[PDB]
RNA sequence: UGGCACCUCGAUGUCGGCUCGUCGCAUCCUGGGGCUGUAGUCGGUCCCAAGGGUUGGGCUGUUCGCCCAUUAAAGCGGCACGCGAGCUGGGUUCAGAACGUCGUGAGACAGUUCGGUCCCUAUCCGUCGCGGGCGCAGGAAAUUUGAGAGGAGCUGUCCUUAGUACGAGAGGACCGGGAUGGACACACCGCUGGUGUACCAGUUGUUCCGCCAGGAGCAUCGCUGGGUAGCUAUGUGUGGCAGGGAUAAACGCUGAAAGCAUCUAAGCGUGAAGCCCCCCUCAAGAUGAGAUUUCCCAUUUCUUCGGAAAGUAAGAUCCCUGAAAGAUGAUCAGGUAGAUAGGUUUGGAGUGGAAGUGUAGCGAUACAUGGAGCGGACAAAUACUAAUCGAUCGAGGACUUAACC
Ligand SMILES: [Mg+2]
Ligand SMILES: [Mg+2]
Ligand SMILES: [Mg+2]
Ligand SMILES: [Mg+2]
Ligand SMILES: [Mg+2]
Ligand SMILES: [Mg+2]
Ligand SMILES: [Mg+2]
Ligand SMILES: [Mg+2]
Ligand SMILES: [Mg+2]
Ligand SMILES: [Mg+2]
Ligand SMILES: [Mg+2]
Ligand SMILES: [Mg+2]
Ligand SMILES: [Mg+2]
Ligand SMILES: [Mg+2]
Ligand SMILES: [Mg+2]
Ligand SMILES: [Mg+2]
Ligand SMILES: [Mg+2]
Ligand SMILES: [Mg+2]
Ligand SMILES: [Mg+2]
Ligand SMILES: [Mg+2]
Ligand SMILES: [Mg+2]
Ligand SMILES: [Mg+2]
Ligand SMILES: [Mg+2]
Ligand SMILES: [Mg+2]
Ligand SMILES: [Mg+2]
Ligand SMILES: [Mg+2]
Ligand SMILES: [Mg+2]
Ligand SMILES: [Mg+2]
Ligand SMILES: [Mg+2]
Ligand SMILES: [Mg+2]
Ligand SMILES: [Mg+2]
Ligand SMILES: [Mg+2]
Ligand SMILES: [Zn+2]
């Protein structure tokens with residue numbers, strides 16, 4: 003694996019933020035070397051959704067953050094990120110084995126010349 | 001792991017070794033060959049560690065003799081062991097039992113199952 | 002003498018007949034073919050050219066397609082030469098098998114060492130450190146670079162640089178077990194290089 | 002650790018032989034027909050491999 | 001691994017009780033001795049009324065180390081105590097009895113008098 | 001140890017120790033030899049010989065020295081009494097204070113004692129590594145010779161010959177063979193261990209996930225017990241083996257000047273750890289630019305002439321996926337003619353018996369489902385995701401002589 007210019011504590015807290023945004027928004031904007039590391043932690047997190055066990059749900063719940071993706075007017090029931098992963102994103106890839114993400118290069122950033130990419134969930 | 005190493009060393013695996021875990025007393029009938037003699041010396045004690053895979057696996061047996069602790073390490077598949085026994089089965093919560101190196105009698109007592 | 006080319010597979014141990022235990026190195030030596038014979042009249046020295054591993058036709062290019070076409074064989078990946086070897090044997094295009102060796106032969110192993118990056122003096126050249134306490138500020142430095150009088154620093158003043166990657170040979174290294182169905186040859190000891198590295202085996206020179 | 006003599010214009014110009022920067026590896030898009038970087042998403046026509054990302 | 005300034009308990013019936021190592025014999029730059037080697041050493045403690053008085057300079061042989069030897073079979077042996085036996089110019093011990101287990105390596109170095117007196121040889 | 005006062009007072013840092021060495025031979029050990037008050041063992045002295053080797057501690061700021069314990073031996077000197085833009089600051093040599101002594105006194109003593117700021121981002125040459133350009137009379141891919149240079153070079157103990165030769169005895173071998181170590185060097189991670197901050201488990205305080213259960217954040221990785229890949233020594237494998245040519249000192253053969261004699265003058269033979277080889281590594285920019293096998297071939301516009309340019313062939317690169325490689329370049333494995341990386345499915349080490357449910361107990365807890373669950377870097381299959389599409393560079397081979405043709 004690769005470090006990302008930050009200590010061990012801040013690296014884990016960064017991979018959990020990025021992996022959750024890709025679940026919620028399905029399309030994000032990161033640097034090239036930073037998008038080649040959340041590629042691994044997201045596909046390993048869809049796999050826990052293709053099992054559906056309580057054991058797998060409790061294991062993935064230790065990595066997903068806790069924010070409301072959107073409010074559903076059932088009586089109002091906010092929907093959380095873990096519910097989206099296990100009820101929507103996981104059933105979509107019931108037939109594909111691997112590679113639930115694609116990475117598309119964009120070009121350098123103005124401020125610091127960093128190479129930006131698009132990483133999608135398809 | 002390497003497949004090619006496995007077929008080469010498949011034939012030298014000893015199939016008469018029993019199944020044991022760290023934490024139970026064994027009685028190794030180790031051969032002690034001199035210049036021109038063969039003898040079966042007995043070594044009995046608790047099994048502390050078991051490491052490695054394949055024919056590289058080893059185990060360690062610990063005995064307290066004459067007030068001095070002695071530890072002896074063998075390869076698992078060596079042909080210099082006439083036979084191996086499992087006198088009794090202990091109950092431990094570790095895989096390496098290093099916490100007995102600095103522990104005398106009546107506190108180094110391992111329960112049985 | 003005799004020689005083959007091989008790939009380092011790994012390390013393991015075996016038990017001998019006497020009961021002792023020794024470490025061995027595993028060598029894969031498949032697909033050796035004699036490609037060219039060099040004579041005094043044609044070249045001035047006696048040698049045999051051997052090719053080790055075939056490779057896909059896409060990777061091979063036009064000039065080396067015709068070099069191996071003379072021996073009627075598919076393009077190879079490694080090609081080396083052996084000197085001081087008899088030339089009455091070695092017909093062109095003949096396969097070379099591991100069974101040219103035997104039990105308890107003595108061989109020499111030549112390979113390229115593992116690579117280390119930019120390395121300092123006390124790891125590259127095995128020098129000594131300064132005191133790490135008592136107020137010192139000299140820990141892992143090269144040393145004095147010579148006397149005042151020459152007005153310069155001599156050659157072979159050992160200094161940092163790129164460490165590994167050189168060709169190293171190890172002599173008088175024994176052979177334990179030879180297998181012809183798997184093309185596997187067991188050598189007691191270590192040979193230079195990482196896994197999957199080319200290793201050139203030859204009969205001992207002394 | 003301090004310069005002994007000043008640097009001439011010849012030596013100061015010789016050293017900068019390798020202080021240039023290379024030409025970008027651009028190419029030509031098939032759809033919009035304008036210049037583009039290889040292996041990159043086209044910025045204007047906003048597509049790549051003809052898929053319109 | 002025993003070198004200068006290294007102490008080890010005495011395992012015989014002579015007056016000596018603790019011993020400090022002075023020098024390791026064998027070569028010019030030798031700096032470490034193991035089971036079966038002879039060292040020159042001095043007595044730091046002695047039981048009252050013993051044959052060997054405190055402060056003497058005597059030769060001795062190592063019988064068991066914290067890091068024992070390895071055998072050609074590939075098996076190992078380790079003790080929980082460094083021990084020492086005081087010998088004469090020949091291989092004859094100064095004491096009358098030997099205490100504790102003794103490594104088999106002493107057999108191969110013609111220390112038969114010590115081997116015979118030991119309670120057991122491992 | 002001195003004499004002189006020739007360079008330096010618009011600054012040439014001054015003892016001892018540390019790291020790093022290199023040179024001389026007037027040789028401490030090991031190699032060869034002459035003489036001996038050389039019987040043998042042990043020695044003494046001199047000649048050749050600089051290849052390698054040449055210890056750890058107690059006291060003192062100490063160089064030196066004395067002592068303890070070893071070793072084959074514990075060499076003598078030069079390099080600004082080698083080495084402070086490489087280190088230390090114990091001592092000398094600032095300001096404080098005190099003792100003895102000298103002075104009426106301020107003070108002084110190279111007499112003594114306690115404490116006392118060691119600055120600098122490397123321009124040029126030099127040294128250690130790594131790249132770009134052109135050259136080598138066509139353009140390319142591999143495999144190589146070797147001028148020349150660097151590395152290595154050390155040595156102990158036991159057994160047998162043999163209680164033999166020698167000697168009255170006490171004592172006690174040269175030559176030869178065998179076995180096994182000390183220090184040093186190269187490589188490697190199967191073994192013994194270390195580390196192993198995205199592996200496993202136990203545990204305290206507090207906050208959070210609405211609550212119980214189960215988890216997460218912070219507290220040195222919170223602390224503790226283990227540990228995969230990789231990197232490692234204190235671990236393991238191997239090396240200095242056996243030899244060739246010419247020599248030094250030395251010992252001789254034949255032999256004359258000088259009918260004898262003499263190792264010398266002509267000519268030959270033995271003869272050193274030394275010289276050149278053997279062994280390991282680099283090496284064709286070795287501008288003297290080498291050799292071999294294979295591949296592409298002789299196009300088009302302009303020329304008045306040297307020749308100019310412009311699409312290509314064999315081939316390479318830009319760009320992208322990477323590691324057995326790596327500061328960056330470079331190297332190496334791949335780019336759909338695909339297993340290069342990620343994912344997925346099976347495994348492996350490692351840790352050790354998950355969650356849920358049930359049973360026994362009032363409870364902490366124990367047992368079963370079950371070698372369970374988890375499992376970074378390790379192995380094999382699989383094209384599911386990303387290596388799409390394109391572009392740039394790259395030959396038509398001068399003259400003379402000779403032999404073939
Ligand atoms: Mg933390
Ligand atoms: Mg295990
Ligand atoms: Mg090569
Ligand atoms: Mg420091
Ligand atoms: Mg040690
Ligand atoms: Mg000046
Ligand atoms: Mg001399
Ligand atoms: Mg001599
Ligand atoms: Mg003499
Ligand atoms: Mg010398
Ligand atoms: Mg003291
Ligand atoms: Mg002087
Ligand atoms: Mg000086
Ligand atoms: Mg200086
Ligand atoms: Mg004063
Ligand atoms: Mg007075
Ligand atoms: Mg003070
Ligand atoms: Mg500096
Ligand atoms: Mg170049
Ligand atoms: Mg290891
Ligand atoms: Mg709770
Ligand atoms: Mg917090
Ligand atoms: Mg820990
Ligand atoms: Mg030799
Ligand atoms: Mg000769
Ligand atoms: Mg050439
Ligand atoms: Mg890999
Ligand atoms: Mg390529
Ligand atoms: Mg793969
Ligand atoms: Mg349970
Ligand atoms: Mg109950
Ligand atoms: Mg595509
Ligand atoms: Zn476009």
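Protein chains in written order, with the authors' numbering: chain P, 3 to 76, 88 to 135; chain R, 1 to 113; chain D, 2 to 207; chain 4, 2 to 54; chain M, 1 to 122.
Think of the CB as a built atom: it goes at the ideal place given N, C-alpha and C, for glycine as much as any other residue.
| Nearest CA to the CA of residue 17 (chain M): which residue from 1 (chain M), 47 (chain M) and 6 (chain M)? | For the purposes of this step, residue 17 (chain M) is taken as the residue at position 17 of the fifth chain. Looking at the Cα atoms, 47 (chain M) is the closest of the given residues.
| query | Of the residues 8 (chain P), 9 (chain P), 36 (chain P) and 11 (chain P), which one's Cα is nearest the Cα of residue 21 (chain P)? | reply | As a first step, residue 21 (chain P) is located in the first chain; it is residue number 19 there, counting from the start. Checked all of 8 (chain P), 9 (chain P), 36 (chain P) and 11 (chain P); the closest Cα to residue 21 (chain P) is 36 (chain P).
| If you drop the 5 nearest sequence neighbours on each side, which residues of the same chain put their C-beta closer than 7 Å to that of residue 91 (chain D)? | Translated into the one-based positions of the third chain, residue 91 (chain D) becomes position 90. The residues are 35, 38 and 49.
| Is it right to say residue 243 (chain D) is buried, meaning 16 or more other beta carbons lie within 10 angstroms of its own, or is it exposed? | Since the first residue shown for chain D is 2 and the last is 207, residue 243 (chain D) is missing from the structure and cannot be characterised.
| task | Determine the DSSP secondary structure at residue 88 (chain D), reduced to helix, strand or coil. | result | For the purposes of this step, residue 88 (chain D) is identified with residue 87 of the third chain, where counting begins at 1. Three-state DSSP puts residue 88 (chain D) in coil, outside helix and strand.
| With a cut-off of 7 Å, does the C-beta of residue 81 (chain M) fall near any C-beta of chain R? | In the fifth chain, residue 81 (chain M) corresponds to position 81, counting from 1. It does; some Cβ of chain R falls within 7 Å.
| request: Would you verify that the beta carbon of residue 187 (chain D) is, or is not, closer than 7 Å to some beta carbon of chain M? | output: Taking the third chain and counting its residues from 1, one reaches residue 187 (chain D) at position 186. Taking 7 Å as the threshold, the shortest C-beta distance from residue 187 (chain D) to chain M does not fall below it.
| field | Cα-Cα separation between residue 66 (chain R) and residue 20 (chain D), rounded to whole angstroms | value | As a first step, residue 66 (chain R) must be located in the second chain, where it is residue number 66. As a first step, residue 20 (chain D) must be located in the third chain, where it is residue number 19. One Cα belongs to residue 66 (chain R), the other to residue 20 (chain D), and the distance between them is close to 31 Å.
| Under the rule that 16 or more other beta-carbon atoms within 10 Å means buried, what is residue 54 (chain P), buried or exposed? | By 1-based counting over the first chain, the position of residue 54 (chain P) is 52. It counts as exposed.
| field | Residue environment, residue 95 (chain P), which counts as buried when at least 16 other CB atoms sit within 10 Å | value | Indexing the first chain from 1 puts residue 95 (chain P) at position 82. Flag for residue 95 (chain P) reads buried.
| Which residues, taken in chain order from the segment 53 to 65 of chain R, show a beta carbon closer than 7 Å to some beta carbon of chain M? | Within the segment 53 to 65 of chain R, the qualifying residues are 65.
| task | Assign residue 79 (chain M) to one of two classes, buried (16 or more other C-beta atoms within 10 Å of its C-beta) or exposed (fewer than that). | result | Residue mapping note: residue 79 (chain M) aligns to position 79 of the fifth chain, counting from 1. By the neighbour-count rule (16 or more Cβ atoms within 10 Å), residue 79 (chain M) is buried.
| field | N-terminal and C-terminal residue of the alpha helix (DSSP H) that residue 18 (chain P) is part of | value | What you label residue 18 (chain P) is simply residue 16 of the first chain in a count that begins at 1. First-last of the alpha helix (DSSP H) with residue 18 (chain P): 10 to 27.
| query | Taking a cut of 7 Å between CB atoms, which residues from the segment 14 to 35 of chain D lie near chain M? | reply | The residues in question are 20, 21 and 22.
| field | Chain-ordered neighbours of residue 14 (chain P) on chain 4, where CB pairs are closer than 8 Å | value | In the first chain, the residue the question calls residue 14 (chain P) occupies position 12. The premise fails here: residue 14 (chain P) is roughly 31 Å from chain 4 at the closest Cβ pair, so nothing lies under 8 Å.
| field | Cβ neighbours of residue 127 (chain D) in the same chain (closer than 8 Å, five flanking residues each side left out) | value | As a working mapping, residue 127 (chain D) is identified with position 126 in the third chain. Within the same chain, no residue comes within 8 Å of residue 127 (chain D) by CB-CB distance, once the 5 residues on both sides are set aside.
| query | Taking the alpha-carbon positions, what's the residue 14 (chain R) to residue 51 (chain M) distance? | reply | Locating residue 14 (chain R) in the second chain gives position 14, counting from the first residue. Locating residue 51 (chain M) in the fifth chain gives position 51, counting from the first residue. C-alpha separation (whole angstroms): 54 Å.
| field | CB contact below 7 Å: residue 19 (chain 4) versus chain P | value | Along the fourth chain, one-based indexing puts residue 19 (chain 4) at 18. Residue 19 (chain 4) does not count as touching chain P.
| said: Let me see if you follow: with CB-CB separation under 7 Å, is residue 74 (chain M) close to chain D or not? | reply: Against the fifth chain, residue 74 (chain M) aligns to sequence position 74. Against chain D, the CB of residue 74 (chain M) has a partner CB under 7 Å away; the residue lies at that interface.
| query | What separation, rounded to the nearest whole angstrom, lies between the Cα atoms of residue 37 (chain M) and residue 5 (chain D)? | reply | Numbered from its first residue, the fifth chain carries residue 37 (chain M) at position 37. Numbered from its first residue, the third chain carries residue 5 (chain D) at position 4. Straight-line Cα distance between these residues: approximately 45 Å.
| Thinking C-alpha only, which one of 18 (chain P), 31 (chain P) and 47 (chain P) is nearest residue 98 (chain P)? | Counting from one through the first chain, the residue named residue 98 (chain P) turns up at place 85. Nearest of 18 (chain P), 31 (chain P) and 47 (chain P) to residue 98 (chain P), Cα basis: 47 (chain P).
| request: Could you name the residues that DSSP lists as bridge partners for residue 174 (chain D)? | output: As a first step, residue 174 (chain D) is located in the third chain; it is residue number 173 there, counting from the start. For residue 174 (chain D), which the question treats as bridged, DSSP gives the partners 108 (chain D).
| Reference residue 9 (chain R), options 15 (chain D), 199 (chain D), 8 (chain D) and 203 (chain D), closest by Cα | For this step, residue 9 (chain R) is matched to residue 9 along the second chain. Looking at the Cα atoms, 15 (chain D) is the closest of the given residues.
| query | Among residues of its own chain, excluding the 5 on either side of residue 56 (chain M), which ones have a beta-carbon nearer than 6 Å to its beta-carbon? | reply | Position 56 of the fifth chain, counted from the first residue, corresponds to residue 56 (chain M). Excluding residues within five positions, the ones whose Cβ falls inside 6 Å are 43.
| message | With H, G and I counted as helix, E and B as strand and the rest as coil, what does DSSP make of residue 32 (chain D)? | response | Stepping through the third chain from its first residue, residue 32 (chain D) is reached at position 31. If DSSP states are grouped into helix, strand and coil, residue 32 (chain D) belongs with coil.
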